[PDB]
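Student: Just passing along the structure, written as structure tokens.
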Amino acid sequence: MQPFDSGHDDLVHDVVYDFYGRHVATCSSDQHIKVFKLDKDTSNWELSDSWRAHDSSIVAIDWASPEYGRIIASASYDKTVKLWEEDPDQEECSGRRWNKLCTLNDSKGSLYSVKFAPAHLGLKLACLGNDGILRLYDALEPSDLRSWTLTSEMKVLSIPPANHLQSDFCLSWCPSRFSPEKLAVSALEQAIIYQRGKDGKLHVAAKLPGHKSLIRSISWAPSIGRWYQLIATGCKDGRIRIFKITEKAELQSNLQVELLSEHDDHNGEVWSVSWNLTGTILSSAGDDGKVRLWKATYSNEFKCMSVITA
Amino acid sequence: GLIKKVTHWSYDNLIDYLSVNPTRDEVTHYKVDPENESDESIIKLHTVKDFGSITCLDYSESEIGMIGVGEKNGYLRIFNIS
Amino acid sequence: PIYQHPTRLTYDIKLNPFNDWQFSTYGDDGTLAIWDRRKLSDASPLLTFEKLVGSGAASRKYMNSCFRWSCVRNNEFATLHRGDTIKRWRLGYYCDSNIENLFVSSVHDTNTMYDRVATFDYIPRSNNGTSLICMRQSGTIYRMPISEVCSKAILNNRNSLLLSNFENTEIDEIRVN
Amino acid sequence: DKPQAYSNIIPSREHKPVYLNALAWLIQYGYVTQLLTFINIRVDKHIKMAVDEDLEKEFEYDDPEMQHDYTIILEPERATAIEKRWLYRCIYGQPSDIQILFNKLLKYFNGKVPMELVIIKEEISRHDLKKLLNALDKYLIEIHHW
């Protein structure tokens, strides 16, 4: 557990890898985005660029697919999503290495999660804030990546949550190009799987049951070729719910939800859950100060492994 | 019971603290070392007894030791500890 | 007087150490309210929490302060509930455009080392750490740390784990070698 | 006035034997008796909370100081484990001589044995007893009868 200091003056909120795994982008409450690179010679995380992005605390950033370039989206509490393209003819650690592309001002609420779509669906994007509205933005103009048009606008929640109540919203796409377009959308305590119907509009496809309290993180397991899709869920309870999704009106194919396993090992709130490249290791972080790794041994049932305390 | 964190009194890394017992009778001046998590880091310095019933407490940032203590009977006592 | 705003939540004014414009009172029913002086000067409270702190403010004169602003970082406060847990409410802000409208982003619950805690206060440490000096109902004063809870454990295509905390800035990495 | 010692009536030391003869005359005629001191032991809420903390070692939003939860231990000889812990937490910060005098005089703290007989039997002095009365005020019940 070698630590490296990122250099933020406040709480680091979202850290995300890129596709190649040699770049990390960290956003924090100091209204800054820092991109770090891993040199093959020094083998240490060195800062590439740090620049001020928003007027509030940035809470969600995501990398785009590398076939569309170097694009970083960024969601903050100032109700904006800003897109950042990198021009390589600029100096590192200067603040001008990443150029702004667009501001998505359509959100009437502080945004919580932004996830890019898989590359086979285009240069799409997803938004979710404290107004219950799921917004999809597409880059339909190929000449310039500054005109991102809103395509879909759903309503996950009937009314926005109150000012004094905490809320959490998480997003997860389905990284399979051999299945219809899906989007795992988490409300306060509701988890919804969407589908793109034949009419070109998103429809409610399945609902993951349970979830007695707030959902902190949703992670779709990568489609390695298996016939079942796996969704991991971290709740405000101590529950790490893993759903087994099998796929076979105005939807391309119906799909069923089976709760594969449910674990109470954290005795707290599972703040984040994440998958591996192959979807064989499940990393969960809770309030016990422990990061637990999970694997499936001898069957489909997931069992615990190495526990990392911090 | 009142616990009141005090700044601008110690030139070292220690942080001064002021405490009032739940029976509202005494004012205890503490000194907690921030980098040591043991229970012995809370060092008791001085205890000023002979208060009737303390309803409020305040300290002076500019001058070290000057502590005002109010009471339900009506008497504000301004005194010094350090 | 500069302003006279009529409200029943007028107990235990606590200035925010990182922003003097924000203060925080509560009332007899336990309704905590974080205010802004610019909103009152011009008038709603900036936040309100129904039945968050102890009651009997008007009837009782000897009340334990079960709510402290954060002196380790901005947009945070801690509350004491039932003498067993401490809730660190982290706030988020947005300016509708200088006055920041607040909302609750995350609440972190920490169980106390010993029960029957009446009041508490912050101990700032290095590297944005937090410890809480707590006074029990019997007058015993003890020191309790705040655990480093991991906020995100992201994996990699090289089986590399990256850990982010809820307290400090540094990021832990478990490589594969 | 309030009943004080007999030495406050005697003007001088030359008048002391004849005043003691007058006192003996008053007692022998049934005119004047003695006001003896009787001690019982009392435990408040702070000692109980300290004993609970010690037991754990091995409302809450307000702190009213006029709502004590007292308790009078009637016979400290046949006390239970928690009550003997209350008695031995009554003496916590006192010096060693007070600890010895409390240990030697604990069985007589029941409100029935006058302290003059304790002074005679236990071979202690009046300055030690007045020290133990002054150092232990809220915990000792003072009972005065003949």
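Identifiers for the structure tokens are assigned positionally: chains receive A, B, ... in sequence, residues are indexed from 1 per chain, and ligands are indexed from 1 in the order shown.
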Report as JSON lines the residues of chain C within 8 Å of chain A, each with its shortest atom pair and distance in Å (one decimal), using only C-alpha atoms, ordered by chain and increasing residue number.

Tutor:
{"residue": "C:47", "atom": "CA", "partner": "A:164", "partner_atom": "CA", "distance": 6.4}
{"residue": "C:48", "atom": "CA", "partner": "A:164", "partner_atom": "CA", "distance": 6.5}
{"residue": "C:49", "atom": "CA", "partner": "A:164", "partner_atom": "CA", "distance": 6.5}
{"residue": "C:73", "atom": "CA", "partner": "A:10", "partner_atom": "CA", "distance": 7.4}
{"residue": "C:92", "atom": "CA", "partner": "A:77", "partner_atom": "CA", "distance": 6.8}
{"residue": "C:93", "atom": "CA", "partner": "A:56", "partner_atom": "CA", "distance": 6.4}
{"residue": "C:94", "atom": "CA", "partner": "A:78", "partner_atom": "CA", "distance": 4.9}
{"residue": "C:95", "atom": "CA", "partner": "A:78", "partner_atom": "CA", "distance": 6.9}
{"residue": "C:102", "atom": "CA", "partner": "A:163", "partner_atom": "CA", "distance": 7.7}
{"residue": "C:103", "atom": "CA", "partner": "A:163", "partner_atom": "CA", "distance": 5.2}
{"residue": "C:104", "atom": "CA", "partner": "A:166", "partner_atom": "CA", "distance": 5.1}
{"residue": "C:105", "atom": "CA", "partner": "A:166", "partner_atom": "CA", "distance": 5.4}
{"residue": "C:106", "atom": "CA", "partner": "A:166", "partner_atom": "CA", "distance": 5.9}
{"residue": "C:107", "atom": "CA", "partner": "A:166", "partner_atom": "CA", "distance": 7.2}
{"residue": "C:147", "atom": "CA", "partner": "A:289", "partner_atom": "CA", "distance": 6.6}
{"residue": "C:148", "atom": "CA", "partner": "A:289", "partner_atom": "CA", "distance": 6.0}
{"residue": "C:149", "atom": "CA", "partner": "A:289", "partner_atom": "CA", "distance": 4.7}
{"residue": "C:150", "atom": "CA", "partner": "A:285", "partner_atom": "CA", "distance": 5.8}
{"residue": "C:151", "atom": "CA", "partner": "A:271", "partner_atom": "CA", "distance": 6.0}
{"residue": "C:152", "atom": "CA", "partner": "A:272", "partner_atom": "CA", "distance": 5.2}
{"residue": "C:153", "atom": "CA", "partner": "A:283", "partner_atom": "CA", "distance": 6.2}
{"residue": "C:154", "atom": "CA", "partner": "A:274", "partner_atom": "CA", "distance": 5.7}
{"residue": "C:155", "atom": "CA", "partner": "A:276", "partner_atom": "CA", "distance": 5.6}
{"residue": "C:156", "atom": "CA", "partner": "A:21", "partner_atom": "CA", "distance": 6.0}
{"residue": "C:157", "atom": "CA", "partner": "A:277", "partner_atom": "CA", "distance": 5.1}
{"residue": "C:158", "atom": "CA", "partner": "A:21", "partner_atom": "CA", "distance": 7.2}
{"residue": "C:159", "atom": "CA", "partner": "A:276", "partner_atom": "CA", "distance": 6.9}
{"residue": "C:164", "atom": "CA", "partner": "A:12", "partner_atom": "CA", "distance": 7.2}
{"residue": "C:165", "atom": "CA", "partner": "A:12", "partner_atom": "CA", "distance": 7.6}
{"residue": "C:166", "atom": "CA", "partner": "A:11", "partner_atom": "CA", "distance": 6.7}
{"residue": "C:167", "atom": "CA", "partner": "A:11", "partner_atom": "CA", "distance": 6.8}
{"residue": "C:168", "atom": "CA", "partner": "A:11", "partner_atom": "CA", "distance": 6.6}
{"residue": "C:169", "atom": "CA", "partner": "A:12", "partner_atom": "CA", "distance": 6.1}
{"residue": "C:170", "atom": "CA", "partner": "A:5", "partner_atom": "CA", "distance": 4.1}
{"residue": "C:171", "atom": "CA", "partner": "A:4", "partner_atom": "CA", "distance": 5.5}
{"residue": "C:172", "atom": "CA", "partner": "A:3", "partner_atom": "CA", "distance": 4.3}
{"residue": "C:173", "atom": "CA", "partner": "A:1", "partner_atom": "CA", "distance": 5.3}
{"residue": "C:174", "atom": "CA", "partner": "A:1", "partner_atom": "CA", "distance": 5.0}
{"residue": "C:175", "atom": "CA", "partner": "A:1", "partner_atom": "CA", "distance": 7.9}

Student: At most 10 Å is the cut-off: for each residue in chain C with any atom that close to an atom of chain D, write down the nearest atom pair and the distance in Å rounded to one decimal, counting only C-alpha atoms, chain first then increasing number, as JSON lines.

Tutor:
{"residue": "C:53", "atom": "CA", "partner": "D:61", "partner_atom": "CA", "distance": 8.0}
{"residue": "C:54", "atom": "CA", "partner": "D:61", "partner_atom": "CA", "distance": 5.2}
{"residue": "C:55", "atom": "CA", "partner": "D:61", "partner_atom": "CA", "distance": 7.4}
{"residue": "C:56", "atom": "CA", "partner": "D:62", "partner_atom": "CA", "distance": 8.3}
{"residue": "C:57", "atom": "CA", "partner": "D:62", "partner_atom": "CA", "distance": 9.1}
{"residue": "C:60", "atom": "CA", "partner": "D:62", "partner_atom": "CA", "distance": 7.1}
{"residue": "C:61", "atom": "CA", "partner": "D:62", "partner_atom": "CA", "distance": 8.1}
{"residue": "C:62", "atom": "CA", "partner": "D:63", "partner_atom": "CA", "distance": 5.4}
{"residue": "C:63", "atom": "CA", "partner": "D:62", "partner_atom": "CA", "distance": 4.1}
{"residue": "C:64", "atom": "CA", "partner": "D:61", "partner_atom": "CA", "distance": 5.3}
{"residue": "C:65", "atom": "CA", "partner": "D:61", "partner_atom": "CA", "distance": 7.7}
{"residue": "C:66", "atom": "CA", "partner": "D:61", "partner_atom": "CA", "distance": 7.3}
{"residue": "C:80", "atom": "CA", "partner": "D:61", "partner_atom": "CA", "distance": 9.3}
{"residue": "C:81", "atom": "CA", "partner": "D:61", "partner_atom": "CA", "distance": 9.3}
{"residue": "C:82", "atom": "CA", "partner": "D:60", "partner_atom": "CA", "distance": 7.3}
{"residue": "C:83", "atom": "CA", "partner": "D:60", "partner_atom": "CA", "distance": 7.1}
{"residue": "C:114", "atom": "CA", "partner": "D:56", "partner_atom": "CA", "distance": 9.3}
{"residue": "C:116", "atom": "CA", "partner": "D:60", "partner_atom": "CA", "distance": 7.1}
{"residue": "C:117", "atom": "CA", "partner": "D:60", "partner_atom": "CA", "distance": 7.3}
{"residue": "C:118", "atom": "CA", "partner": "D:60", "partner_atom": "CA", "distance": 5.3}
{"residue": "C:119", "atom": "CA", "partner": "D:61", "partner_atom": "CA", "distance": 8.3}
{"residue": "C:136", "atom": "CA", "partner": "D:60", "partner_atom": "CA", "distance": 9.2}
{"residue": "C:137", "atom": "CA", "partner": "D:60", "partner_atom": "CA", "distance": 6.9}
{"residue": "C:138", "atom": "CA", "partner": "D:49", "partner_atom": "CA", "distance": 5.6}
{"residue": "C:139", "atom": "CA", "partner": "D:46", "partner_atom": "CA", "distance": 8.6}
{"residue": "C:140", "atom": "CA", "partner": "D:50", "partner_atom": "CA", "distance": 8.6}

Student: Can those selected residues be exported to a file as a PDB file, in the first residue's frame so that it contains C-alpha atoms?

Tutor:
ATOM      1  CA  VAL C  53     -30.467  18.210  18.766  1.00  0.00           C
ATOM      2  CA  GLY C  54     -31.774  17.978  22.315  1.00  0.00           C
ATOM      3  CA  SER C  55     -34.974  19.672  23.394  1.00  0.00           C
ATOM      4  CA  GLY C  56     -35.859  21.881  26.352  1.00  0.00           C
ATOM      5  CA  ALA C  57     -33.836  24.950  25.395  1.00  0.00           C
ATOM      6  CA  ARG C  60     -33.503  24.068  30.843  1.00  0.00           C
ATOM      7  CA  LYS C  61     -30.565  26.431  31.301  1.00  0.00           C
ATOM      8  CA  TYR C  62     -27.842  23.777  31.635  1.00  0.00           C
ATOM      9  CA  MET C  63     -27.628  22.209  28.183  1.00  0.00           C
ATOM     10  CA  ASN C  64     -24.845  20.168  26.626  1.00  0.00           C
ATOM     11  CA  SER C  65     -23.767  21.418  23.198  1.00  0.00           C
ATOM     12  CA  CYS C  66     -24.361  18.354  21.009  1.00  0.00           C
ATOM     13  CA  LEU C  80     -24.255  13.974  18.879  1.00  0.00           C
ATOM     14  CA  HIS C  81     -27.193  11.554  18.910  1.00  0.00           C
ATOM     15  CA  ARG C  82     -28.278   9.510  21.964  1.00  0.00           C
ATOM     16  CA  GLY C  83     -24.743   9.526  23.405  1.00  0.00           C
ATOM     17  CA  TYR C 114     -17.951   4.714  25.440  1.00  0.00           C
ATOM     18  CA  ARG C 116     -23.485   8.137  27.769  1.00  0.00           C
ATOM     19  CA  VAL C 117     -21.615  11.009  26.109  1.00  0.00           C
ATOM     20  CA  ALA C 118     -23.113  14.427  26.844  1.00  0.00           C
ATOM     21  CA  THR C 119     -20.792  16.802  24.964  1.00  0.00           C
ATOM     22  CA  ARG C 136     -19.280  11.627  29.429  1.00  0.00           C
ATOM     23  CA  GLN C 137     -22.370  12.101  31.589  1.00  0.00           C
ATOM     24  CA  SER C 138     -20.315  11.251  34.699  1.00  0.00           C
ATOM     25  CA  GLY C 139     -17.715  13.909  33.842  1.00  0.00           C
ATOM     26  CA  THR C 140     -15.052  11.517  32.549  1.00  0.00           C
TER      27      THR C 140
END

Student: Could you please write out, as an NGL selection string, every residue of segment 213-300 of chain A that DSSP assigns to strand (DSSP E)?

Tutor: :A and (215-220 or 228-235 or 240-247 or 255-263 or 272-274 or 282-285 or 290-296)

Student: Keeping C-alpha atoms, export the residues of the selection given above as a tab-separated table (two decimals), in the first residue's frame.

Tutor:
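Saved result, again.tsv, follows:
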chain	number	residue	atom	x	y	z
A	215	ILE	CA	-27.71	3.05	-2.73
A	216	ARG	CA	-24.14	4.34	-2.73
A	217	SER	CA	-22.64	2.61	-5.77
A	218	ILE	CA	-23.75	0.52	-8.77
A	219	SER	CA	-21.23	-1.40	-10.88
A	220	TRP	CA	-22.10	-3.55	-13.89
A	228	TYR	CA	-25.47	-13.90	-17.35
A	229	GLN	CA	-24.98	-10.22	-16.52
A	230	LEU	CA	-23.87	-9.32	-12.99
A	231	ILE	CA	-24.70	-6.09	-11.14
A	232	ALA	CA	-22.99	-5.20	-7.86
A	233	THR	CA	-24.68	-2.84	-5.41
A	234	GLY	CA	-23.39	-1.07	-2.31
A	235	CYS	CA	-26.12	0.17	0.01
A	240	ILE	CA	-23.40	-6.02	-0.99
A	241	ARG	CA	-26.15	-7.28	-3.30
A	242	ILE	CA	-25.02	-9.07	-6.46
A	243	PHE	CA	-27.80	-9.49	-9.02
A	244	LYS	CA	-27.69	-12.14	-11.77
A	245	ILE	CA	-29.35	-10.78	-14.92
A	246	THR	CA	-30.29	-13.20	-17.71
A	247	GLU	CA	-31.50	-11.90	-21.08
A	255	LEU	CA	-34.73	-9.86	-18.99
A	256	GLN	CA	-35.03	-11.35	-15.50
A	257	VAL	CA	-33.40	-10.39	-12.19
A	258	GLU	CA	-32.24	-12.94	-9.61
A	259	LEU	CA	-30.48	-11.93	-6.39
A	260	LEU	CA	-27.40	-14.15	-6.52
A	261	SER	CA	-25.93	-13.21	-3.13
A	262	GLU	CA	-26.16	-10.71	-0.28
A	263	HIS	CA	-23.37	-10.18	2.24
A	272	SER	CA	-18.19	1.93	-3.22
A	273	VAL	CA	-18.29	-1.32	-5.16
A	274	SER	CA	-16.17	-1.99	-8.24
A	282	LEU	CA	-15.35	-7.45	-6.42
A	283	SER	CA	-13.83	-4.65	-4.33
A	284	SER	CA	-16.09	-3.15	-1.65
A	285	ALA	CA	-15.33	-0.39	0.86
A	290	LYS	CA	-11.80	-2.39	5.53
A	291	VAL	CA	-11.69	-2.94	1.77
A	292	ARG	CA	-12.85	-6.47	0.99
A	293	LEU	CA	-12.14	-8.42	-2.19
A	294	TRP	CA	-14.71	-10.97	-3.35
A	295	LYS	CA	-14.39	-13.96	-5.69
A	296	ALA	CA	-16.59	-16.82	-6.90

Student: One decimal, Å: what's the distance from atom CA of residue 55 of chain B over to atom CA of residue 30 of chain C, could you say?

Tutor: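 If I compute the distance from atom CA of residue 55 of chain B to atom CA of residue 30 of chain C, I get 19.1 Å.
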
Student: Just need the residues of chain B within 8 Å of chain D, counting only C-alpha atoms, so spit them out as a list in words.

Tutor: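 Residues satisfying the distance criterion: residues 1, 22, 23, 24 and 53 of chain B.
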
Student: Keeping only C-alpha atoms, write the selected residues to a file as a JSON list (two decimals), in the first residue's frame.

Tutor:
[["chain", "number", "residue", "atom", "x", "y", "z"],
["B", 1, "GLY", "CA", -20.90, 19.67, 30.83],
["B", 22, "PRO", "CA", -21.72, 18.26, 34.82],
["B", 23, "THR", "CA", -22.60, 19.61, 38.28],
["B", 24, "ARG", "CA", -21.42, 23.09, 37.10],
["B", 53, "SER", "CA", -23.71, 27.10, 38.86]]

Student: Work out how far apart atom CA of residue 14 of chain C and atom CA of residue 36 of chain B are and give it in Å to one decimal.

Tutor: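 Separation of atom CA of residue 14 of chain C and atom CA of residue 36 of chain B: 27.8 Å.
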
Student: Can you work out which residues from chain B touch chain C at a cut-off of 9 Å (counting only C-alpha atoms) and hand them back as a VMD selection string?

Tutor: chain B and resid 1 to 5 15 19 to 24 32 to 35 37 to 39 41 to 42 53 to 56 72

Student: For the residues in the current selection, export N, CA, C and O atoms as a short mmCIF file (atom, residue, chain, number, x, y, z; two decimals), in the first residue's frame.

Tutor:
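Saved the output as out07.cif:
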data_model
loop_
_atom_site.label_atom_id
_atom_site.label_comp_id
_atom_site.auth_asym_id
_atom_site.auth_seq_id
_atom_site.Cartn_x
_atom_site.Cartn_y
_atom_site.Cartn_z
N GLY B 1 -22.26 19.82 31.32
CA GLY B 1 -20.90 19.67 30.83
C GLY B 1 -20.61 20.50 29.60
O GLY B 1 -21.33 20.44 28.60
N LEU B 2 -19.54 21.29 29.67
CA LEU B 2 -19.10 22.13 28.56
C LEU B 2 -17.66 21.81 28.23
O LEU B 2 -16.82 21.74 29.13
N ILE B 3 -17.37 21.61 26.95
CA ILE B 3 -16.01 21.52 26.44
C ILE B 3 -15.83 22.62 25.41
O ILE B 3 -16.61 22.71 24.45
N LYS B 4 -14.82 23.46 25.61
CA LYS B 4 -14.60 24.64 24.78
C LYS B 4 -13.17 24.64 24.27
O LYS B 4 -12.23 24.84 25.05
N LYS B 5 -13.00 24.40 22.97
CA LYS B 5 -11.68 24.45 22.36
C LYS B 5 -11.16 25.88 22.33
O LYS B 5 -11.90 26.82 22.03
N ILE B 15 -3.09 22.02 21.97
CA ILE B 15 -4.32 22.79 21.87
C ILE B 15 -4.93 22.87 23.27
O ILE B 15 -5.15 21.84 23.91
N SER B 19 -12.95 22.98 30.41
CA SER B 19 -14.01 22.04 30.73
C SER B 19 -14.78 22.50 31.96
O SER B 19 -14.24 23.18 32.83
N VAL B 20 -16.05 22.10 32.01
CA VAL B 20 -16.93 22.35 33.14
C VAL B 20 -17.57 21.02 33.52
O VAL B 20 -18.06 20.30 32.65
N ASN B 21 -17.53 20.69 34.81
CA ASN B 21 -18.11 19.45 35.29
C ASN B 21 -19.63 19.47 35.11
O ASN B 21 -20.24 20.54 35.03
N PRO B 22 -20.26 18.29 35.01
CA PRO B 22 -21.72 18.26 34.82
C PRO B 22 -22.52 18.85 35.97
O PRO B 22 -23.68 19.24 35.76
N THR B 23 -21.95 18.94 37.17
CA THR B 23 -22.60 19.61 38.28
C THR B 23 -22.39 21.12 38.28
O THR B 23 -22.91 21.79 39.18
N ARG B 24 -21.64 21.65 37.30
CA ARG B 24 -21.42 23.09 37.10
C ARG B 24 -20.79 23.75 38.33
O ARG B 24 -21.34 24.67 38.93
N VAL B 32 -4.31 19.16 25.33
CA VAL B 32 -4.38 17.90 24.59
C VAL B 32 -3.35 17.94 23.47
O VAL B 32 -3.37 18.84 22.62
N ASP B 33 -2.44 16.97 23.47
CA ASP B 33 -1.50 16.81 22.37
C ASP B 33 -2.21 16.18 21.18
O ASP B 33 -2.81 15.11 21.31
N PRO B 34 -2.17 16.81 20.00
CA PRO B 34 -3.00 16.33 18.89
C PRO B 34 -2.48 15.06 18.23
O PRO B 34 -3.27 14.30 17.67
N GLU B 35 -1.17 14.81 18.28
CA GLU B 35 -0.57 13.72 17.53
C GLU B 35 -0.52 12.40 18.30
O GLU B 35 -0.04 11.40 17.75
N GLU B 37 -2.77 9.57 20.35
CA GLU B 37 -4.14 9.10 20.53
C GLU B 37 -4.40 8.48 21.89
O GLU B 37 -5.53 8.03 22.13
N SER B 38 -3.41 8.43 22.77
CA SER B 38 -3.62 7.81 24.07
C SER B 38 -4.47 8.71 24.96
O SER B 38 -4.63 9.91 24.72
N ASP B 39 -5.04 8.10 26.01
CA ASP B 39 -5.84 8.85 26.97
C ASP B 39 -4.99 9.73 27.88
O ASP B 39 -5.51 10.64 28.51
N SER B 41 -2.76 11.77 26.79
CA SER B 41 -2.47 13.02 26.09
C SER B 41 -3.28 14.19 26.63
O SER B 41 -2.92 15.34 26.39
N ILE B 42 -4.37 13.91 27.34
CA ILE B 42 -5.21 14.96 27.93
C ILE B 42 -4.59 15.31 29.28
O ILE B 42 -4.82 14.64 30.28
N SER B 53 -23.05 27.85 39.92
CA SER B 53 -23.71 27.10 38.86
C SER B 53 -23.41 27.80 37.54
O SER B 53 -24.00 28.85 37.25
N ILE B 54 -22.52 27.22 36.74
CA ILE B 54 -22.00 27.89 35.55
C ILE B 54 -22.98 27.71 34.39
O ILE B 54 -23.28 26.58 34.00
N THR B 55 -23.47 28.83 33.85
CA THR B 55 -24.37 28.79 32.71
C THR B 55 -23.67 29.07 31.38
O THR B 55 -24.17 28.65 30.34
N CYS B 56 -22.53 29.77 31.40
CA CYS B 56 -21.83 30.14 30.18
C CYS B 56 -20.35 30.30 30.47
O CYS B 56 -19.94 30.51 31.62
N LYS B 72 -25.65 31.40 37.21
CA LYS B 72 -27.09 31.60 37.30
C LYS B 72 -27.47 32.59 38.39
O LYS B 72 -28.54 33.21 38.32
#

Student: Could you go through chain C and tell me which residues DSSP, when run on the backbone, assigns to alpha helix (DSSP H), listing them as a list in words?

Tutor: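 Here is the list: residues 37, 38, 39, 40 and 41 of chain C.
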
Student: Excluding residue 58 of chain B and its own-chain neighbours fewer than 4 positions away, which residues fall within 9 Å of it when counting only C-alpha atoms? Please give them as a list in words.

Tutor: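 Near residue 58 of chain B, the qualifying residues are residues 4, 66, 67, 68, 69 and 70 of chain B.
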
Student: For the selection you just gave me, I'd like the residues written to a file as a PDB file, in the first residue's frame, keeping N, CA, C and O atoms.

Tutor:
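selection26.pdb, freshly written:
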ATOM      1  N   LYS B   4     -14.818  23.459  25.607  1.00  0.00           N
ATOM      2  CA  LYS B   4     -14.604  24.640  24.775  1.00  0.00           C
ATOM      3  C   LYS B   4     -13.169  24.641  24.271  1.00  0.00           C
ATOM      4  O   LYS B   4     -12.233  24.843  25.052  1.00  0.00           O
ATOM      5  N   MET B  66      -7.038  34.457  30.325  1.00  0.00           N
ATOM      6  CA  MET B  66      -8.192  35.236  30.765  1.00  0.00           C
ATOM      7  C   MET B  66      -9.475  34.512  30.379  1.00  0.00           C
ATOM      8  O   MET B  66      -9.773  34.342  29.192  1.00  0.00           O
ATOM      9  N   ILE B  67     -10.234  34.085  31.385  1.00  0.00           N
ATOM     10  CA  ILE B  67     -11.411  33.248  31.201  1.00  0.00           C
ATOM     11  C   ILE B  67     -12.569  33.904  31.934  1.00  0.00           C
ATOM     12  O   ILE B  67     -12.480  34.157  33.142  1.00  0.00           O
ATOM     13  N   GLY B  68     -13.650  34.183  31.211  1.00  0.00           N
ATOM     14  CA  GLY B  68     -14.874  34.670  31.815  1.00  0.00           C
ATOM     15  C   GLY B  68     -15.837  33.520  32.035  1.00  0.00           C
ATOM     16  O   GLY B  68     -16.046  32.690  31.147  1.00  0.00           O
ATOM     17  N   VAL B  69     -16.421  33.480  33.229  1.00  0.00           N
ATOM     18  CA  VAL B  69     -17.352  32.429  33.616  1.00  0.00           C
ATOM     19  C   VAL B  69     -18.595  33.093  34.186  1.00  0.00           C
ATOM     20  O   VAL B  69     -18.512  33.827  35.179  1.00  0.00           O
ATOM     21  N   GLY B  70     -19.744  32.847  33.556  1.00  0.00           N
ATOM     22  CA  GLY B  70     -20.997  33.357  34.066  1.00  0.00           C
ATOM     23  C   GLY B  70     -21.673  32.362  34.987  1.00  0.00           C
ATOM     24  O   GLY B  70     -21.292  31.197  35.067  1.00  0.00           O
TER      25      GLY B  70
END

Student: List the neighbours of segment 88-102 of chain A out to 8 Å using only C-alpha atoms; skip same-chain residues closer than 5 positions along the sequence, and give me the result as a PyMOL selection string.

Tutor: chain A and resi 47-52+81-83+145-148
